[PDB]
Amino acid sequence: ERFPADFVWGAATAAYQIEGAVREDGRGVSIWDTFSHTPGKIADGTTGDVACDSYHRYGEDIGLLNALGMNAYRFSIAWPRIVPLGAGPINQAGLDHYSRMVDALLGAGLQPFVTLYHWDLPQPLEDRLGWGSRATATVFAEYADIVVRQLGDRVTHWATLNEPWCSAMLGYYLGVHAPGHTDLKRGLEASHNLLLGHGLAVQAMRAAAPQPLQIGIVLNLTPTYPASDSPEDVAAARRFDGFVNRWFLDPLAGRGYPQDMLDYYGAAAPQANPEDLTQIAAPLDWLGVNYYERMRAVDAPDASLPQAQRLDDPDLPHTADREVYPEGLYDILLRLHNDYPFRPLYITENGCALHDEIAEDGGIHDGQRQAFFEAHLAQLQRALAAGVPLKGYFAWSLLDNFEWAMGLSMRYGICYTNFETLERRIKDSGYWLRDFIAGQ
């Protein structure tokens, strides 16, 4: 029934999804500025130019966090505000902005959990191949050093990357996210340079920090289940598990890349010399899990890689964009606890999108989202009872925002954002979380 007294309770955002102010105070161009301004890439014709205007309205965001009784806020720093050319001089005005924001959070009793990279690569670096180039890993580590030197007196909890599988595979192989390339080899090379950037940044951050830091990385993990026990379906489930989960977990754990996936990828696999793998496995203080969905896999040999397709279950609840499977959160946490070395663990994102509207009474009656949270929180209690060292939970998202290729049309907030007036309003699920946390 009861969570630990010192459990972290938060909500999460990312800079490009909320900030707006894309040209203000020296900000450079990111790959997502380029991509969202390319005709046809965003489903509803919107961009992040304004978004939630949180660059100016972060005080309102803090008011919401306080109204919800949270004790932490997960947000990202925009690399284009700090080093507008990607590699080059710093923009002190960008650092000063986040320094003021951090002081405002600490003044309100909210612990900042900062993500350094949440997908907004400076465009000048993409012009030089972006994550397809090892040089980008080096300059990412330089950016991490700069930020820690100025904010690390107040921020202890840092993550290097958010969801490298998305940046690599959606951005460079499937072409649905920025920068929008469609080449498997480039996607796998990007996955390696992301991991190398992470490892180089961890070392740089520890050397630059004015106090001991707690450094992690944030991964999306998808528990995978075969649709049947046939050799074909079990193999498809292992391939999908390797493609999303083990490709990242194993090198971070010091186990190299998974051999079964190297064999499957063949000539497309990156050249991973052992020096790189040692750097990638730099010791971490925590691991962040982003959990949304499971994969029930059936073999699909004529499909594209990894030749596994999803078998939908019409009996389970569905949101605006996903299938709901709360028990997968327990499963993946138990797997991490038993099979991998990372601890403690945080749930750095969990949430859902619905077709929310303001009702006649002025509230947002998002009962499915309340049920979503209740069901996932129950699974966390089960995981804690099994001994999983879980230390906090962050709802995605604090407020409705720019949901990447879906634009403003996919609402994940616990607070509703009116994108015309920029007013925020707490949804019923947000009041449920407030009252649940208060009872803890």
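We number the residues from 1 along the sequence you see.
Comparing the deposited coordinates for 330-338 and 265-273, the stretch with the larger average C-alpha B-factor is 265-273. Taking only CA atoms, the mean B-factor in the PDB entry is higher for 294-302 than for the other of 294-302 and 157-165. Highest CA B-factor among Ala104, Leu129, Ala353, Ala144, as stated in the entry: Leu129.
Note on the listed residues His365, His181, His118, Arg81: the highest Cα temperature factor in the record is that of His181.
In the PDB entry, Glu423 places in the middle third of its chain by CA B-factor. Per the deposited record, the Cα B-factor of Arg246 falls in the middle third when ranked against the other modelled residues of its chain.
Ranked within its chain, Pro39 lands in the middle third, by CA B factor from the PDB record. Ranked within its chain, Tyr225 lands in the middle third, by CA B factor from the PDB record. Sorting the modelled residues of the chain by their CA temperature factor places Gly413 in the lowest third.
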